[PDB]
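J.: The structure's right below; bear with me while I get my questions together.
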Amino acid sequence: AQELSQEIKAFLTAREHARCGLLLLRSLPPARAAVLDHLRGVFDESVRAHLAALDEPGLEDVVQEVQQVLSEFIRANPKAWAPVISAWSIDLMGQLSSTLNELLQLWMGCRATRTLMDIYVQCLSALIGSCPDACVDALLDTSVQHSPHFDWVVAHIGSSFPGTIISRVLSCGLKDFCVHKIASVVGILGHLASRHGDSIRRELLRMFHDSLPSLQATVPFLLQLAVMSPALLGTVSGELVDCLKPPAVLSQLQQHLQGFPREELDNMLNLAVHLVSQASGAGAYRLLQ
Amino acid sequence: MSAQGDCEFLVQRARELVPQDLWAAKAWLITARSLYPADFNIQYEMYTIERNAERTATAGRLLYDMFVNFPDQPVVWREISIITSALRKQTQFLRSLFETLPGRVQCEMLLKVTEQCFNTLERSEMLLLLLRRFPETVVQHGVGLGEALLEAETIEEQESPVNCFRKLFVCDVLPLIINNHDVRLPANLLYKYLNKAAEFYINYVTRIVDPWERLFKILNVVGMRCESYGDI
Amino acid sequence: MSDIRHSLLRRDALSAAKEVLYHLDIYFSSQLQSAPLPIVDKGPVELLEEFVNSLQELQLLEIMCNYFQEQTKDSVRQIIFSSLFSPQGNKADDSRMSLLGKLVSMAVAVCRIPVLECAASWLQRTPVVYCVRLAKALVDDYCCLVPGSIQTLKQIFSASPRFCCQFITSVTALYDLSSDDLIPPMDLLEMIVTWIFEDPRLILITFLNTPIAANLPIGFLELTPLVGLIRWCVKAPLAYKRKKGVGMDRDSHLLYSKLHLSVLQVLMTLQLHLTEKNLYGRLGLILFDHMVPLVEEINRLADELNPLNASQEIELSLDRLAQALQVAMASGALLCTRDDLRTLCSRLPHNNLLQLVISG
């Protein structure tokens with residue numbers, strides 16, 4: 001108590017300060033928020049020092065010590081620690097990025113951002129098997145907040161975790177199109193299409209099959225994505241003909257389009273002619289016939 | 001159905017669970033006590049369980065409880081006799097159990113042992129132990145212990161004045177009775193005190209820490225109450 | 001009044017809160033010197049709401065605990081604690097619950113027996129929902145958020161033993177074992193069992209230290225957690241058979257058995273204690289209205305669990321419940337009769353110990 005109280009008083013009144021914060025984080029329940037807030041300043045100072053060095057040193061050890069304290073907390077109780085730690089980490093990386101592959105290369109080059117991403121990805125790995133939504137949804141919200149400066153984090157995580165990040169990003173993009181960001185989705189998927197085109201293809205096909213206001217605007221949303229993302233359009237054109245072949249699917253499309261006004265019918269026809277003009281690279285003859 | 005059968009069934013069920021669950025057995029005994037607190041068997045079983053668990057406080061409380069409530073059971077007297085024999089790890093635990101019993105309850109159980117003893121020497125030794133434990137009891141047991149020893153020696157017709165009764169009196173009973181200020185004695189009995197202590201050391205040295213010193217101290221006490229070896 | 005508030009607006013949040021708090025201390029001391037029962041006017045509550053990041057929250061919690069600890073009058077500390085934290089029915093009650101959770105969590109952490117006894121009296125003076133929520137926050141803090149932090153809670157067992165009794169009461173109100181979540185964590189149980197085993201009177205502290213109203217307030221914390229602890233140990237085997245790890249199960253049964261026997265020692269001493277305050281046969285500390293929920297919960301648990309598969313646990317729970325009722329009655333902790341025990345257990349499955357207790 002006496003030692004702990006003196007520790008808290010010294011904390012309230014950078015290396016020793018952050019070590020005291022970590023000790024209090026390890027010793028007191030109610031004061032974890034203050035410790036994390038103090039360590040946010042340490043991470044920000046380290047990122048600023050890294051950026052100043054790039055433009056043109058005793059805080060990186062503090063960064064790794066914070067990493068291992070929060071990581072031992074993560075293994076100690078992933079259920080009770082991972083969500084708080086993961087959300088804090090995503091908030092911190094987003095704040096640092098606010099203040100794609102080039103962004104990736106620049107930002108893993110900063111040891112503080114790399115540390116934060118490692119902590120948050122391990123939060124995922126601890127929560128992938130039970131409930132990754134708490135981390136995944138917080139990542140999605142931070143992507144919304146810090147776009148496009150946070151697109152690199154989301155694309156990197158999708159490269160690490162395609163199966164859920166791709167679906168989540170696609171759902172967020174559909175929601176954005178329905179309410180009205182779409183460039184952020186296009187860029188993140190384009191970087192991800194470099195390594196996970198098959199996963200994106202499967203998720204998009206399942207999405208469109210489920211489609212046949214969010215469901216009605218799903219087809220215009222996908223058309224908009226194809227217009228702004230020729231890479232995904234090309235990856236889809238490989239099996240688009242196989243997908244649209246059944247007469248039942250063509251009919252599902254016609255009445256799904258028929259639910260649109262002719263101001264949208266003609267718009268869909270024009271989008272289709274643009275896509276067929278600038279989409280097919282090798283299977284042009286089959287679609288033509 | 002008689003309550004004796006139900007009490008026996010409860011006791012047997014508690015006994016069967018002793019090698020398996022101690023807390024459950026204590027709980028069953030507490031239940032039986034709550035149902036029928038006037039049972040000697042259930043409370044004695046609880047006392048036996050607490051003693052076998054070497055829990056001094058609970059076993060002492062229960063032993064006091066049955067000693068107050070159930071004095072006619074021979075088992076209580078056997079336990080008290082074992083405790084007194086220990087008093088004269090298991091011995092230390094029994095002494096601790098006796099200490100946990102209240103001081104007045106300790107004195108009353110030792111007095112009940114006194115009323116239940118037949119042999120003269122064992123009764124004398126145990127009464128002396130009672131005197132040592134409770135010096136307030138030396139007033140009305142110390143002197144009587146000394147005479148009872150002396151008449152026991154006389155009845156036994158000891159040709160040599162050296163015998164266990166006289167030695168016990170002179171070395172243990174005599175200092176207790178002369179050193180207790182509350183014990184009022186006439187001046188005539190100090191003559192017998194000196195006579196017996198003198199026979200003691202003269203028939204001891206002729207033939208222990210210091211018979212001569214004890215005799216000298218008894219003589220000095222007698223002289224002071226009546227009011228080096230060379231200057232005197 | 002408003003002059004100070006205007007002076008408070010020109011100060012920073014921390015200094016404004018401290019000026020409010022010193023003004024409240026002075027005002028309450030003067031009112032207590034003038035009157036024996038002070039009135040918590042709207043002014044103190046408004047000032048506390050208006051003026052009283054995480055860094056400033058930590059500083060405020062420190063200096064407020066400094067105020068509790070530096071307060072030399074039990075009445076003033078208890079009254080200001082209640083006024084700050086007695087749920088006022090507003091949106092600040094959820095904050096009340098959260099901030100009170102942080103406050104008493106760190107007070108247990110640093111053994112702030114002033115704040116501990118203040119929280120004991122507050123729990124005595126708080127509806128069951130806020131004691132439930134506060135118990136939720138504290139049990140999190142000390143048993144599940146940081147493992148092994150309950151030992152810091154555990155030393156309170158005898159630091160503020162009155163606070164310990166009210167803690168077990170509000171904790172039983174939350175962890176009434178009505179759900180797996182409302183099963184107390186294992187660390188919490190080991191604390192409480194060790195707490196009560198070490199002190200049967202630990203849960204007899206409030207009964208022997210409080211002039212008892214004839215009626216125990218309902219929807220509040222009950223006078224003793226004897227009802228709650230009995231509810232715990234009794235529903236304790238059925239909840240864990242429902243949960244199904246063999247060793248952890250065995251340890252849970254043992255610690256529940258120790259809690260039950262400690263509660264029973266409390267009861268058999270409660271005959272003497274109720275007699276001591278002349279409440280034996282008058283004040284049934286185990287309200288029979290607070291055993292009916294327990295008995296009904298047990299009957300439902302037996303009914304659903306297909307008794308052909310869980311006969312042993314059903315028998316154990318029935319034995320524990322019958323013994324609890326019998327010891328509570330024979331010790332006057334519970335006020336009932338044997339015909340009451342017969343009609344209470346008419347729908348239950350057959351059990352030898354329960355039949356014997358009912359018959360007498």
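Residue numbering restarts at 1 in every chain; chains get A, B, ... in the order shown in the structure tokens, and ligands count up from 1 in that same order.
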Find the spatial neighbours of stretch 55-64 of chain B, counting only C-alpha atoms, within a cut-off of 9 Å - ignore same-chain residues fewer than 6 positions away - and output them as an MDAnalysis selection string.
T.: chainID B and resid 43:44 46:49 76 93:94 96:102 105
J.: Suppose we keep C-alpha atoms; can you now write the selection as a PDB file, in the first residue's frame?
T.:
```pdb
ATOM      1  CA  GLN B  43     -22.027 -34.870  21.039  1.00  0.00           C
ATOM      2  CA  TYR B  44     -19.451 -37.452  22.141  1.00  0.00           C
ATOM      3  CA  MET B  46     -18.446 -34.774  17.620  1.00  0.00           C
ATOM      4  CA  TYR B  47     -15.906 -34.492  20.450  1.00  0.00           C
ATOM      5  CA  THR B  48     -14.104 -37.618  19.235  1.00  0.00           C
ATOM      6  CA  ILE B  49     -13.979 -36.269  15.676  1.00  0.00           C
ATOM      7  CA  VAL B  76     -16.087 -39.203  30.095  1.00  0.00           C
ATOM      8  CA  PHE B  93      -2.243 -32.349  23.033  1.00  0.00           C
ATOM      9  CA  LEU B  94      -4.110 -33.725  26.054  1.00  0.00           C
ATOM     10  CA  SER B  96      -3.591 -28.409  25.745  1.00  0.00           C
ATOM     11  CA  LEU B  97      -7.114 -29.864  25.778  1.00  0.00           C
ATOM     12  CA  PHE B  98      -7.131 -29.709  29.583  1.00  0.00           C
ATOM     13  CA  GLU B  99      -5.934 -26.091  29.451  1.00  0.00           C
ATOM     14  CA  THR B 100      -8.710 -25.170  26.997  1.00  0.00           C
ATOM     15  CA  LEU B 101     -11.140 -26.366  29.655  1.00  0.00           C
ATOM     16  CA  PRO B 102     -12.014 -23.485  32.004  1.00  0.00           C
ATOM     17  CA  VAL B 105     -13.961 -26.583  35.220  1.00  0.00           C
TER      18      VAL B 105
END
```
J.: Near stretch 131-148 of chain C, counting only C-alpha atoms, which residues have an atom at most 9 Å away, once you skip same-chain residues fewer than 2 positions from it, shown as a ChimeraX atom specification?
T.: /A:26-30,73,76-77,80-81 /C:94,97-98,100-102,104-105,109,122-123,126-129,150-153,167-175,182,184-188,220-221
J.: Could you list, as a list in words, every residue within 9 Å of stretch 307-320 of chain C, counting only C-alpha atoms and ignoring same-chain residues fewer than 4 positions away?
T.: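 Counting only the stated atoms, we get residues 27 of chain B; 230, 233, 234, 235, 236, 237, 238, 241, 257, 260, 298, 301, 302, 303, 324, 325, 348, 349, 351, 352, 353 and 354 of chain C.
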J.: What's the 8 Å shell around residue C:162, counting only C-alpha atoms, without same-chain residues fewer than 5 positions away, as a list in words?
T.: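 Non-adjacent residues within range: residues 117, 120, 202, 203, 205 and 206 of chain C.
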J.: Between C:37, C:344, C:267, C:279, which one has atoms that come closest to chain B, using only C-alpha atoms?
T.: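 Once distances to chain B are computed over only C-alpha atoms, the minimum belongs to C:267.
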J.: Quick one: residues within 12 Å of residue B:36, only C-alpha atoms, excluding same-chain residues fewer than 2 positions away - as a short mmCIF file (atom, residue, chain, number, x, y, z; two decimals) with N, CA and C atoms, in the first residue's frame?
T.:
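As a result, result_3.cif now contains:
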```cif
data_model
loop_
_atom_site.label_atom_id
_atom_site.label_comp_id
_atom_site.auth_asym_id
_atom_site.auth_seq_id
_atom_site.Cartn_x
_atom_site.Cartn_y
_atom_site.Cartn_z
N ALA B 3 -36.87 -42.85 19.17
CA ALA B 3 -35.83 -41.90 18.79
C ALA B 3 -34.43 -42.49 18.89
N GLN B 4 -34.26 -43.57 19.66
CA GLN B 4 -32.95 -44.20 19.78
C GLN B 4 -32.49 -44.76 18.44
N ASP B 6 -33.37 -43.64 15.45
CA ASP B 6 -33.03 -42.51 14.59
C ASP B 6 -31.67 -41.93 14.96
N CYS B 7 -31.39 -41.79 16.26
CA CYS B 7 -30.09 -41.29 16.69
C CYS B 7 -28.97 -42.24 16.29
N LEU B 10 -28.38 -41.80 12.57
CA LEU B 10 -27.63 -40.57 12.33
C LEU B 10 -26.16 -40.74 12.67
N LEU B 29 -23.48 -34.06 12.47
CA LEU B 29 -23.51 -34.03 13.93
C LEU B 29 -24.16 -32.74 14.44
N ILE B 30 -23.90 -31.62 13.78
CA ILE B 30 -24.54 -30.36 14.16
C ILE B 30 -26.05 -30.45 13.94
N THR B 31 -26.47 -31.09 12.84
CA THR B 31 -27.89 -31.28 12.59
C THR B 31 -28.53 -32.11 13.69
N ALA B 32 -27.88 -33.21 14.07
CA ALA B 32 -28.43 -34.08 15.11
C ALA B 32 -28.47 -33.36 16.45
N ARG B 33 -27.46 -32.54 16.74
CA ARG B 33 -27.47 -31.72 17.95
C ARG B 33 -28.62 -30.73 17.93
N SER B 34 -28.86 -30.10 16.78
CA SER B 34 -29.98 -29.17 16.66
C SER B 34 -31.31 -29.88 16.87
N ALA B 38 -29.94 -33.08 23.67
CA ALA B 38 -29.73 -33.83 24.90
C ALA B 38 -29.14 -35.21 24.66
N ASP B 39 -28.47 -35.42 23.53
CA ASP B 39 -27.91 -36.73 23.20
C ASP B 39 -26.43 -36.78 23.57
N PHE B 40 -26.05 -37.79 24.35
CA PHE B 40 -24.65 -37.97 24.70
C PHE B 40 -23.86 -38.57 23.54
N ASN B 41 -24.47 -39.48 22.79
CA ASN B 41 -23.73 -40.19 21.74
C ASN B 41 -23.31 -39.25 20.62
N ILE B 42 -24.22 -38.39 20.16
CA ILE B 42 -23.91 -37.50 19.04
C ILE B 42 -22.84 -36.49 19.44
N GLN B 43 -23.00 -35.86 20.60
CA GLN B 43 -22.03 -34.87 21.04
C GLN B 43 -20.68 -35.51 21.35
N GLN C 326 -32.82 -26.59 9.48
CA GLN C 326 -32.88 -27.12 10.84
C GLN C 326 -32.00 -26.33 11.80
N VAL C 327 -30.77 -26.02 11.39
CA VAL C 327 -29.86 -25.28 12.26
C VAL C 327 -30.34 -23.85 12.44
N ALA C 330 -33.34 -24.23 14.99
CA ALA C 330 -32.91 -24.60 16.34
C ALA C 330 -32.06 -23.52 16.97
N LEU C 356 -36.59 -36.67 7.99
CA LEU C 356 -36.30 -36.69 9.42
C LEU C 356 -36.40 -35.29 10.03
N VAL C 357 -35.87 -34.28 9.33
CA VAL C 357 -35.94 -32.91 9.83
C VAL C 357 -37.40 -32.45 9.91
N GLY C 360 -39.11 -34.48 12.75
CA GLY C 360 -38.56 -34.05 14.02
C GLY C 360 -38.16 -35.21 14.92
#
```
J.: Fewer than 5 positions away in the same chain doesn't count, so skip those; otherwise give me all residues within 10 Å of residue A:275, counting only C-alpha atoms, as a PyMOL selection string.
T.: chain A and resi 223+226-227+230+233-234+237+269-270+280
J.: May I have the residues within 9 Å of residue A:155 as an mmCIF file with C-alpha atoms, in the first residue's frame, using only C-alpha atoms and disregarding those fewer than 3 positions away in the same chain?
T.:
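Result file follows (out31.cif):
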```
data_model
loop_
_atom_site.group_PDB
_atom_site.id
_atom_site.type_symbol
_atom_site.label_atom_id
_atom_site.label_comp_id
_atom_site.auth_asym_id
_atom_site.auth_seq_id
_atom_site.Cartn_x
_atom_site.Cartn_y
_atom_site.Cartn_z
ATOM 1 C CA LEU A 100 -1.099 1.976 -49.695
ATOM 2 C CA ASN A 101 1.913 -0.319 -49.976
ATOM 3 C CA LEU A 104 2.717 0.008 -45.253
ATOM 4 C CA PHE A 150 -5.563 3.869 -41.769
ATOM 5 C CA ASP A 151 -6.110 1.894 -44.989
ATOM 6 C CA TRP A 152 -2.643 0.360 -44.718
ATOM 7 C CA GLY A 158 -6.531 -8.546 -44.355
ATOM 8 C CA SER A 159 -3.294 -9.901 -45.780
ATOM 9 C CA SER A 160 -2.799 -11.595 -42.414
ATOM 10 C CA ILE A 165 -11.455 -8.774 -42.860
ATOM 11 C CA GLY A 187 -7.716 0.576 -52.335
ATOM 12 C CA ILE A 188 -7.680 -1.908 -49.456
ATOM 13 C CA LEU A 189 -9.160 -4.642 -51.650
ATOM 14 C CA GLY A 190 -6.770 -3.767 -54.477
ATOM 15 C CA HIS A 191 -3.775 -4.256 -52.214
ATOM 16 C CA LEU A 192 -5.442 -7.427 -50.913
#
```
J.: Go ahead and compute the interatomic distance for atom CA of residue B:72 and atom CA of residue B:53, in Å to one decimal.
T.: 25.6 Å
J.: Which parts of stretch 12-143 of chain B does DSSP call helix (DSSP H, G or I) when run on the backbone here, written out as a PyMOL selection string?
T.: chain B and resi 12-16+22-35+40-52+56-69+74-87+90-100+103-115+120-133+135-143
J.: Store the residues picked out above, limited to C-alpha atoms, as an mmCIF file, in the first residue's frame.
T.:
```cif
data_model
loop_
_atom_site.group_PDB
_atom_site.id
_atom_site.type_symbol
_atom_site.label_atom_id
_atom_site.label_comp_id
_atom_site.auth_asym_id
_atom_site.auth_seq_id
_atom_site.Cartn_x
_atom_site.Cartn_y
_atom_site.Cartn_z
ATOM 1 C CA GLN B 12 -23.775 -44.451 11.860
ATOM 2 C CA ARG B 13 -24.270 -42.240 8.797
ATOM 3 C CA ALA B 14 -21.911 -39.646 10.280
ATOM 4 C CA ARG B 15 -19.346 -42.364 11.046
ATOM 5 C CA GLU B 16 -19.479 -43.806 7.522
ATOM 6 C CA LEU B 22 -14.914 -34.332 7.577
ATOM 7 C CA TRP B 23 -17.029 -31.210 7.031
ATOM 8 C CA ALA B 24 -20.062 -33.308 6.074
ATOM 9 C CA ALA B 25 -19.711 -35.445 9.213
ATOM 10 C CA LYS B 26 -19.429 -32.359 11.425
ATOM 11 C CA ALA B 27 -22.469 -30.910 9.651
ATOM 12 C CA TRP B 28 -24.510 -34.072 10.259
ATOM 13 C CA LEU B 29 -23.511 -34.026 13.930
ATOM 14 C CA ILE B 30 -24.541 -30.362 14.158
ATOM 15 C CA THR B 31 -27.892 -31.282 12.589
ATOM 16 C CA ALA B 32 -28.428 -34.076 15.110
ATOM 17 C CA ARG B 33 -27.473 -31.724 17.952
ATOM 18 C CA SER B 34 -29.980 -29.166 16.662
ATOM 19 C CA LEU B 35 -32.683 -31.843 16.492
ATOM 20 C CA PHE B 40 -24.647 -37.970 24.700
ATOM 21 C CA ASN B 41 -23.734 -40.192 21.744
ATOM 22 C CA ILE B 42 -23.908 -37.502 19.043
ATOM 23 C CA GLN B 43 -22.027 -34.870 21.039
ATOM 24 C CA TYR B 44 -19.451 -37.452 22.141
ATOM 25 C CA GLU B 45 -18.975 -38.437 18.495
ATOM 26 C CA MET B 46 -18.446 -34.774 17.620
ATOM 27 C CA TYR B 47 -15.906 -34.492 20.450
ATOM 28 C CA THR B 48 -14.104 -37.618 19.235
ATOM 29 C CA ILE B 49 -13.979 -36.269 15.676
ATOM 30 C CA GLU B 50 -12.646 -32.901 16.855
ATOM 31 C CA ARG B 51 -10.028 -34.591 19.060
ATOM 32 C CA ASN B 52 -8.935 -36.888 16.222
ATOM 33 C CA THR B 56 -8.016 -28.029 20.621
ATOM 34 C CA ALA B 57 -10.721 -25.353 20.865
ATOM 35 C CA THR B 58 -13.710 -27.303 19.525
ATOM 36 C CA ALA B 59 -12.729 -30.510 21.327
ATOM 37 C CA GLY B 60 -12.293 -28.578 24.571
ATOM 38 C CA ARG B 61 -15.670 -26.881 24.157
ATOM 39 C CA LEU B 62 -17.350 -30.235 23.533
ATOM 40 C CA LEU B 63 -15.526 -31.945 26.411
ATOM 41 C CA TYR B 64 -16.642 -29.150 28.739
ATOM 42 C CA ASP B 65 -20.173 -29.480 27.341
ATOM 43 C CA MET B 66 -20.478 -33.204 28.066
ATOM 44 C CA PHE B 67 -18.626 -32.912 31.375
ATOM 45 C CA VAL B 68 -21.288 -30.419 32.460
ATOM 46 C CA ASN B 69 -24.198 -32.269 30.825
ATOM 47 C CA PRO B 74 -17.939 -43.960 32.052
ATOM 48 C CA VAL B 75 -16.398 -42.764 28.769
ATOM 49 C CA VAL B 76 -16.087 -39.203 30.095
ATOM 50 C CA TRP B 77 -14.321 -40.505 33.203
ATOM 51 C CA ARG B 78 -12.000 -42.648 31.073
ATOM 52 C CA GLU B 79 -11.131 -39.589 28.980
ATOM 53 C CA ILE B 80 -10.520 -37.474 32.087
ATOM 54 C CA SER B 81 -8.356 -40.231 33.586
ATOM 55 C CA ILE B 82 -6.290 -40.363 30.385
ATOM 56 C CA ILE B 83 -5.979 -36.566 30.474
ATOM 57 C CA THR B 84 -4.838 -36.631 34.111
ATOM 58 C CA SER B 85 -2.341 -39.420 33.396
ATOM 59 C CA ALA B 86 -0.929 -37.291 30.579
ATOM 60 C CA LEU B 87 -0.823 -34.319 32.965
ATOM 61 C CA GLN B 90 -0.500 -36.951 22.472
ATOM 62 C CA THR B 91 0.461 -36.008 26.033
ATOM 63 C CA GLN B 92 1.019 -32.385 24.996
ATOM 64 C CA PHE B 93 -2.243 -32.349 23.033
ATOM 65 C CA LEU B 94 -4.110 -33.725 26.054
ATOM 66 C CA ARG B 95 -2.491 -31.065 28.246
ATOM 67 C CA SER B 96 -3.591 -28.409 25.745
ATOM 68 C CA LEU B 97 -7.114 -29.864 25.778
ATOM 69 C CA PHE B 98 -7.131 -29.709 29.583
ATOM 70 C CA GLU B 99 -5.934 -26.091 29.451
ATOM 71 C CA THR B 100 -8.710 -25.170 26.997
ATOM 72 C CA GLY B 103 -9.960 -23.083 35.152
ATOM 73 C CA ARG B 104 -12.903 -23.691 37.462
ATOM 74 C CA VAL B 105 -13.961 -26.583 35.220
ATOM 75 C CA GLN B 106 -10.404 -27.927 35.393
ATOM 76 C CA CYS B 107 -10.470 -27.719 39.188
ATOM 77 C CA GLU B 108 -13.872 -29.416 39.371
ATOM 78 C CA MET B 109 -12.840 -32.273 37.066
ATOM 79 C CA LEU B 110 -9.646 -32.820 39.052
ATOM 80 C CA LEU B 111 -11.729 -32.839 42.247
ATOM 81 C CA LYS B 112 -14.094 -35.377 40.673
ATOM 82 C CA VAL B 113 -11.020 -37.480 39.888
ATOM 83 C CA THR B 114 -10.074 -37.016 43.549
ATOM 84 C CA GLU B 115 -13.432 -38.424 44.663
ATOM 85 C CA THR B 120 -3.527 -43.629 48.519
ATOM 86 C CA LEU B 121 -0.257 -42.798 46.744
ATOM 87 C CA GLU B 122 -1.795 -42.062 43.338
ATOM 88 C CA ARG B 123 -4.467 -39.913 44.984
ATOM 89 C CA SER B 124 -1.792 -38.070 46.966
ATOM 90 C CA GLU B 125 0.287 -37.400 43.848
ATOM 91 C CA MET B 126 -2.732 -36.228 41.855
ATOM 92 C CA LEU B 127 -3.903 -33.982 44.708
ATOM 93 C CA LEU B 128 -0.390 -32.519 44.830
ATOM 94 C CA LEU B 129 -0.647 -31.902 41.081
ATOM 95 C CA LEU B 130 -3.981 -30.166 41.713
ATOM 96 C CA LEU B 131 -2.272 -28.039 44.373
ATOM 97 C CA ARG B 132 0.506 -27.068 41.972
ATOM 98 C CA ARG B 133 -1.985 -26.257 39.206
ATOM 99 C CA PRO B 135 -2.233 -22.845 44.516
ATOM 100 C CA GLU B 136 -5.523 -21.476 45.851
ATOM 101 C CA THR B 137 -6.472 -25.128 46.470
ATOM 102 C CA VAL B 138 -3.450 -25.692 48.738
ATOM 103 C CA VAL B 139 -5.379 -24.078 51.608
ATOM 104 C CA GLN B 140 -7.950 -26.862 52.069
ATOM 105 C CA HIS B 141 -6.099 -29.726 50.345
ATOM 106 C CA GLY B 142 -2.427 -29.128 51.134
ATOM 107 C CA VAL B 143 -2.493 -29.792 54.875
#
```
J.: Counting only C-alpha atoms, which of B:168, B:198, B:145, B:174 gets nearest to residue B:216?
T.: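 Checking each of B:168, B:198, B:145, B:174 against residue B:216, counting only C-alpha atoms, the winner is B:198.
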J.: Determine the nearest neighbour of residue B:163 from the options B:191, B:182, B:134, B:200, counting only C-alpha atoms.
T.: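 Closest candidate: B:200.
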J.: For atom CA of residue C:239 and atom CA of residue C:259, determine how far apart the two atoms are, in Å to one decimal place.
T.: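 Between these atoms lies a distance of 15.7 Å.
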J.: Using 12 Å as the limit and counting only C-alpha atoms, can you tabulate each residue of chain A that touches chain C, with its shortest atom-to-atom distance in Å and the two atoms involved, as JSON lines?
T.:
```
{"residue": "A:1", "atom": "CA", "partner": "C:110", "partner_atom": "CA", "distance": 4.8}
{"residue": "A:2", "atom": "CA", "partner": "C:110", "partner_atom": "CA", "distance": 7.9}
{"residue": "A:3", "atom": "CA", "partner": "C:110", "partner_atom": "CA", "distance": 10.0}
{"residue": "A:4", "atom": "CA", "partner": "C:110", "partner_atom": "CA", "distance": 8.0}
{"residue": "A:5", "atom": "CA", "partner": "C:110", "partner_atom": "CA", "distance": 7.7}
{"residue": "A:6", "atom": "CA", "partner": "C:110", "partner_atom": "CA", "distance": 11.3}
{"residue": "A:8", "atom": "CA", "partner": "C:58", "partner_atom": "CA", "distance": 8.9}
{"residue": "A:9", "atom": "CA", "partner": "C:62", "partner_atom": "CA", "distance": 8.9}
{"residue": "A:10", "atom": "CA", "partner": "C:59", "partner_atom": "CA", "distance": 11.6}
{"residue": "A:11", "atom": "CA", "partner": "C:55", "partner_atom": "CA", "distance": 9.6}
{"residue": "A:12", "atom": "CA", "partner": "C:59", "partner_atom": "CA", "distance": 7.2}
{"residue": "A:13", "atom": "CA", "partner": "C:59", "partner_atom": "CA", "distance": 9.9}
{"residue": "A:21", "atom": "CA", "partner": "C:55", "partner_atom": "CA", "distance": 11.2}
{"residue": "A:24", "atom": "CA", "partner": "C:106", "partner_atom": "CA", "distance": 11.3}
{"residue": "A:25", "atom": "CA", "partner": "C:146", "partner_atom": "CA", "distance": 9.4}
{"residue": "A:26", "atom": "CA", "partner": "C:146", "partner_atom": "CA", "distance": 7.8}
{"residue": "A:27", "atom": "CA", "partner": "C:149", "partner_atom": "CA", "distance": 7.8}
{"residue": "A:28", "atom": "CA", "partner": "C:106", "partner_atom": "CA", "distance": 7.1}
{"residue": "A:29", "atom": "CA", "partner": "C:141", "partner_atom": "CA", "distance": 5.4}
{"residue": "A:30", "atom": "CA", "partner": "C:102", "partner_atom": "CA", "distance": 5.2}
{"residue": "A:31", "atom": "CA", "partner": "C:58", "partner_atom": "CA", "distance": 6.8}
{"residue": "A:32", "atom": "CA", "partner": "C:54", "partner_atom": "CA", "distance": 8.8}
{"residue": "A:33", "atom": "CA", "partner": "C:54", "partner_atom": "CA", "distance": 5.9}
{"residue": "A:34", "atom": "CA", "partner": "C:54", "partner_atom": "CA", "distance": 4.7}
{"residue": "A:35", "atom": "CA", "partner": "C:55", "partner_atom": "CA", "distance": 8.3}
{"residue": "A:36", "atom": "CA", "partner": "C:54", "partner_atom": "CA", "distance": 9.1}
{"residue": "A:37", "atom": "CA", "partner": "C:54", "partner_atom": "CA", "distance": 7.3}
{"residue": "A:38", "atom": "CA", "partner": "C:55", "partner_atom": "CA", "distance": 8.2}
{"residue": "A:39", "atom": "CA", "partner": "C:55", "partner_atom": "CA", "distance": 11.8}
{"residue": "A:70", "atom": "CA", "partner": "C:146", "partner_atom": "CA", "distance": 11.9}
{"residue": "A:72", "atom": "CA", "partner": "C:146", "partner_atom": "CA", "distance": 11.1}
{"residue": "A:73", "atom": "CA", "partner": "C:146", "partner_atom": "CA", "distance": 8.2}
{"residue": "A:74", "atom": "CA", "partner": "C:146", "partner_atom": "CA", "distance": 10.8}
{"residue": "A:75", "atom": "CA", "partner": "C:146", "partner_atom": "CA", "distance": 11.6}
{"residue": "A:76", "atom": "CA", "partner": "C:147", "partner_atom": "CA", "distance": 7.8}
{"residue": "A:77", "atom": "CA", "partner": "C:145", "partner_atom": "CA", "distance": 7.4}
{"residue": "A:78", "atom": "CA", "partner": "C:145", "partner_atom": "CA", "distance": 9.9}
{"residue": "A:79", "atom": "CA", "partner": "C:145", "partner_atom": "CA", "distance": 9.1}
{"residue": "A:80", "atom": "CA", "partner": "C:145", "partner_atom": "CA", "distance": 5.7}
{"residue": "A:81", "atom": "CA", "partner": "C:145", "partner_atom": "CA", "distance": 7.2}
{"residue": "A:82", "atom": "CA", "partner": "C:145", "partner_atom": "CA", "distance": 10.9}
{"residue": "A:83", "atom": "CA", "partner": "C:145", "partner_atom": "CA", "distance": 11.8}
{"residue": "A:84", "atom": "CA", "partner": "C:145", "partner_atom": "CA", "distance": 10.8}
```
J.: Work out how far apart atom CA of residue A:199 and atom CA of residue A:129 are and give it in Å to one decimal.
T.: 19.2 Å
